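J.: What follows is a structure written as structure tokens; I'll ask about it next.
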Amino acid sequence: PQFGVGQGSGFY
Amino acid sequence: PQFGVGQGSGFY
Amino acid sequence: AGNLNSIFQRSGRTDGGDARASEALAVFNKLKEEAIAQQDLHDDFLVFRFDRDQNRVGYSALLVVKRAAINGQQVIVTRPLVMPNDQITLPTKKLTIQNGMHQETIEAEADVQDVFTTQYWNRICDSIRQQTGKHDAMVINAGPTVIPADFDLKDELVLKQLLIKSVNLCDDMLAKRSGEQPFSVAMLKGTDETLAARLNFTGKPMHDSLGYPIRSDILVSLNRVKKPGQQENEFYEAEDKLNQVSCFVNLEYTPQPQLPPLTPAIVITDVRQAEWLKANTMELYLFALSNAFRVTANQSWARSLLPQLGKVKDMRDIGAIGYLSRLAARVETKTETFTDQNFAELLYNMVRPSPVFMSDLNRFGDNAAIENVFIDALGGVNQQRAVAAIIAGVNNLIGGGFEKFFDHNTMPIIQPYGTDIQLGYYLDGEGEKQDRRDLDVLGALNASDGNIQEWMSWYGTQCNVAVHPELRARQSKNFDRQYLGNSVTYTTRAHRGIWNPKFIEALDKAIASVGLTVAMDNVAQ
Amino acid sequence: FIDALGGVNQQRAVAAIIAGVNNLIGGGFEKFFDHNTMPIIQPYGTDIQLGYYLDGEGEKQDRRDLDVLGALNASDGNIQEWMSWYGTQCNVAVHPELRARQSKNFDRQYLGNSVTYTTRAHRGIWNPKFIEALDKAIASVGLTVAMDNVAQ
């Protein structure tokens with residue numbers, strides 16, 4: 001349950 | 001049906 | 001080395017790195033120029049190199065980049081294309097597994113999900129900034145993709161399309177950053193325009209962005225229907241497709257030591273917009289998802305469970321269901337003596353009439369910018385923010401009010417499935433590519449020819465979440481080779497979740513509770 | 001533990017036992033249950049005849065081997081013989097002397113005549129709340145125990 005993995009998505 | 005009791009000691 | 005690289009990488013350059021990556025950079029540069037010459041693409045974008053010997057990368061990548069200054073902020077948007085190489089060994093994870101009373105270690109090469117870590121992303125950020133000169137720019141992750149090791153770089157058409165699509169995804173993300181006005185039903189609600197849809201049951205696969213097969217049973221196509229007055233198309237050839245959702249119908253075996261033993265599910269394997277629309281946004285994705293919801297109108301979804309013409313021995317045959325049912329035998333379904341009534345009876349006793357909705361979210365797919373939000377809606381540091389992005393997208397479509405149909409402060413949008421998604425393809429008897437998803441419950445029942453002990457071992461492999469995932473994957477690979485004839489060529493990973501039944505029902509009702517309702521045409525019993 | 005089953009000094013025996021656990025944990029057994037609503041050990045009623053028998057090499061073996069599975073094999077499936085024995089070991093409205101005589105008759109027929117009897121004993125049931133409190137109270141004060149058989 002690894003979520004919030006990878007940044008810079010520009011959605012929030 | 002009944003419980004006989006012998007002469008126990010130390011704890012009482 | 002890192003303390004020294006700070007300054008001793010600044011002065012001078014070198015050659016080296018993976019030759020395949022150099023070839024890939026060169027073919028993309030060629031294609032870029034052809035697209036400019038033919039006016040398919042504007043000369044307003046850059047392509048950079050992300051490479052092993054400079055960045056200590058694991059996998060090399062090409063980087064497609066667009067730039068804009070938005071309200072004073074310099075913004076770089078990028079879409080990496082990861083390049084695995086079958087001739088290059090990558091370091092493995094040492095996976096220590098407590099197998100009962102003893103620990104054993106299985107090593108496995110890092111996959112693209114293990115390599116593309118937050119820090120890999122941060123090094124992409126910095127590498128592009130140094131190559132563009134915008135050292136203080138903000139960098140947007142438009143959703144990475146993959147160009148697999150296995151195949152000839154000779155498909156210029158695929159590569160050209162990957163470049164065009166990467167450029168478009170980059171533009172949409174800058175557009176989001178700049179406040180571009182959202183898609184909404186308001187632009188669809190023509191006073192002379194309604195929607196209608198068709199459920200396609202055709203026995204053929206879809207292909208993804210690099211030509212690999214996608215399993216589905218039903219294609220749901222949503223069309224724009226106008227009144228026969230004056231139309232813009234009086235001056236041109238025109239089509240009415242708005243969007244499409246591609247679904248697979250699964251079956252979960254849920255014994256009760258009653259209900260029919262198999263619980264069906266509608267699995268979204270792909271979400272697309274019509275080819276007419278260049279943009280790919282959250283609002284568009286969400287509007288299109290209502291197409292999966294409607295696939296279960298009446299009993300239409302169950303047509304996927306039918307037998308089909310003349311096949312002597314083939315995998316999705318419902319008759320395999322007889323091995324789990326009281327019969328403990330394959331049902332004679334392919335012959336002239338099997339009736340429509342017998343078919344209906346197999347479903348009445350073995351398949352529950354109301355399926356579970358779920359979807360496959362691919363971090364490296366073309367919709368990754370959006371699908372990754374849906375993955376984050378499942379948990380983690382930004383779970384509530386991922387939810388806010390999705391809920392806002394629904395509200396942008398309808399003008400507010402999703403919360404009146406689905407309270408997102410009470411219920412999750414997607415619940416975690418548990419078991420992840422093992423993806424890949426294998427070759428059929430003619431050497432064509434086929435989606436490994438073919439070995440579903442009926443598939444495995446047919447593959448083992450009724451050997452339930454083998455079937456159950458197969459089934460348990462992806463159901464018992466307590467089993468370490470490495471073991472689950474190895475066991476599954478062993479079964480696919482046994483069950484397919486060593487025809488697998490292994491490829492990738494994705495995340496799975498179950499849609500909150502209320503999110504999806506609410507999505508369709510919340511949209512309907514304004515605006516055009518879809519006409520449920522071509523009912524066709 | 002025997003006097004804690006019942007009788008004139010049951011309350012004192014129970015007090016000694018709960019004090020013993022509190023000495024182990026630093027108090028708090030009482031946070032799990034009331035020992036005056038839930039006496040520590042209940043009687044099982046059917047008491048225990050102890051003894052041993054000799055096996056084929058002359059070794060001493062516990063006479064308790066003719067347990068339910070044991071007795072079923074001894075009668076080779078004769079359920080009526082089994083049930084006569086089983087009732088002897090369960091119906092405690094029957095005076096214990098009568099039960100003891102039939103138990104001995106059954107050992108001679110099914111276990112053999114090479115049977116020696118030893119000092120008799122009582123049996124009782126540990127109150128599920130005593131058990132909950134002992135196990136949880138020890139774990140709750142941090143004396144963690146790992147299982148060696150981490151999975152079967």
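Each chain in the structure tokens gets a letter, A, B and so on, in the order shown; residues start at 1 in every chain, and ligands are counted from 1 in the order they appear.
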Counting only C-alpha atoms, which residues of range 69-104 of chain C sit at most 12 Å from some atom of range 3-10 of chain A, and what is each one's closest atom pair with its distance in Å to one decimal, listed by chain and rising residue number, as a tab-separated table?

T.:
residue	atom	partner	partner_atom	distance
C:75	CA	A:10	CA	10.6
C:76	CA	A:8	CA	10.5
C:77	CA	A:8	CA	9.4
C:78	CA	A:8	CA	10.0
C:79	CA	A:9	CA	11.0

J.: With the cut-off set at 12 Å and counting only C-alpha atoms, tabulate each residue of chain D with an atom at most that distance from an atom of chain C, showing the nearest atom pair and its distance in Å to one decimal, ordered by chain and increasing number, as a tab-separated table.

T.:
residue	atom	partner	partner_atom	distance
D:147	CA	C:101	CA	9.7
D:148	CA	C:101	CA	7.2
D:149	CA	C:101	CA	5.6
D:150	CA	C:101	CA	5.3
D:151	CA	C:100	CA	3.9
D:152	CA	C:100	CA	5.8

J.: Keeping only C-alpha atoms, write those residues as an mmCIF file, in the first residue's frame.

T.:
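File selection_23.cif, as written:
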data_model
loop_
_atom_site.group_PDB
_atom_site.id
_atom_site.type_symbol
_atom_site.label_atom_id
_atom_site.label_comp_id
_atom_site.auth_asym_id
_atom_site.auth_seq_id
_atom_site.Cartn_x
_atom_site.Cartn_y
_atom_site.Cartn_z
ATOM 1 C CA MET D 147 6.248 -17.589 18.480
ATOM 2 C CA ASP D 148 8.954 -19.818 17.066
ATOM 3 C CA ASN D 149 6.538 -21.587 14.731
ATOM 4 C CA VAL D 150 6.008 -18.286 12.845
ATOM 5 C CA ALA D 151 3.822 -20.079 10.289
ATOM 6 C CA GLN D 152 2.777 -23.773 10.080
#

J.: Quick one: chain B onto chain A, least squares on all Cα paired in order, result as a JSON list (two decimals) with N, CA, C and O atoms, in the first residue's frame?

T.:
[["chain", "number", "residue", "atom", "x", "y", "z"],
["B", 1, "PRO", "N", 0.81, -2.73, -0.59],
["B", 1, "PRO", "CA", 0.05, -2.33, 0.60],
["B", 1, "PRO", "C", 0.00, -0.79, 0.81],
["B", 1, "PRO", "O", -1.05, -0.28, 1.21],
["B", 2, "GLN", "N", 1.13, -0.08, 0.56],
["B", 2, "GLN", "CA", 1.26, 1.38, 0.71],
["B", 2, "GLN", "C", 1.40, 2.05, -0.63],
["B", 2, "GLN", "O", 1.84, 1.44, -1.61],
["B", 3, "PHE", "N", 1.06, 3.33, -0.68],
["B", 3, "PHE", "CA", 1.17, 4.07, -1.92],
["B", 3, "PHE", "C", 2.24, 5.13, -1.87],
["B", 3, "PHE", "O", 2.16, 6.06, -1.07],
["B", 4, "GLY", "N", 3.25, 4.97, -2.72],
["B", 4, "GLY", "CA", 4.30, 5.96, -2.77],
["B", 4, "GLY", "C", 3.78, 7.07, -3.66],
["B", 4, "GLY", "O", 2.92, 6.81, -4.51],
["B", 5, "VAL", "N", 4.28, 8.27, -3.48],
["B", 5, "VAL", "CA", 3.90, 9.41, -4.30],
["B", 5, "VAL", "C", 5.13, 10.10, -4.88],
["B", 5, "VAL", "O", 6.05, 10.44, -4.14],
["B", 6, "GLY", "N", 5.15, 10.29, -6.19],
["B", 6, "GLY", "CA", 6.26, 10.97, -6.84],
["B", 6, "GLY", "C", 5.94, 12.46, -6.93],
["B", 6, "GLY", "O", 4.88, 12.90, -6.51],
["B", 7, "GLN", "N", 6.81, 13.23, -7.57],
["B", 7, "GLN", "CA", 6.57, 14.68, -7.64],
["B", 7, "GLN", "C", 5.66, 15.11, -8.77],
["B", 7, "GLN", "O", 6.10, 15.80, -9.70],
["B", 8, "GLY", "N", 4.38, 14.75, -8.71],
["B", 8, "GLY", "CA", 3.33, 15.29, -9.57],
["B", 8, "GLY", "C", 3.13, 16.81, -9.40],
["B", 8, "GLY", "O", 3.61, 17.41, -8.43],
["B", 9, "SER", "N", 2.44, 17.44, -10.35],
["B", 9, "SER", "CA", 2.34, 18.90, -10.46],
["B", 9, "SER", "C", 1.11, 19.35, -11.26],
["B", 9, "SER", "O", 0.41, 18.53, -11.85],
["B", 10, "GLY", "N", 0.81, 20.65, -11.28],
["B", 10, "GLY", "CA", -0.27, 21.27, -12.04],
["B", 10, "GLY", "C", -1.63, 21.13, -11.37],
["B", 10, "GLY", "O", -2.27, 22.13, -11.02],
["B", 11, "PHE", "N", -2.06, 19.89, -11.11],
["B", 11, "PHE", "CA", -3.28, 19.59, -10.34],
["B", 11, "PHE", "C", -3.10, 19.79, -8.82],
["B", 11, "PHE", "O", -4.07, 19.94, -8.09],
["B", 12, "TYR", "N", -1.85, 19.80, -8.36],
["B", 12, "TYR", "CA", -1.45, 20.14, -7.00],
["B", 12, "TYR", "C", 0.03, 20.49, -6.96],
["B", 12, "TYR", "O", 0.72, 20.44, -7.96]]

J.: Could you build a table of the residues in chain C lying no more than 6 Å from chain A, giving for each the nearest pair of atoms and their separation in Å rounded to one decimal place, using only C-alpha atoms, ordered by chain and ascending residue number, as a tab-separated table?

T.:
residue	atom	partner	partner_atom	distance
C:118	CA	A:6	CA	4.6
C:140	CA	A:8	CA	5.0
C:141	CA	A:9	CA	4.9
C:376	CA	A:3	CA	5.2
C:379	CA	A:3	CA	5.5
C:380	CA	A:3	CA	4.5
C:381	CA	A:4	CA	5.7
C:382	CA	A:4	CA	5.8

J.: Quick check: residues of chain D within 8 Å of chain B, only C-alpha atoms, returned as a ChimeraX atom specification.

T.: /D:3,5-9,12-13,16,45
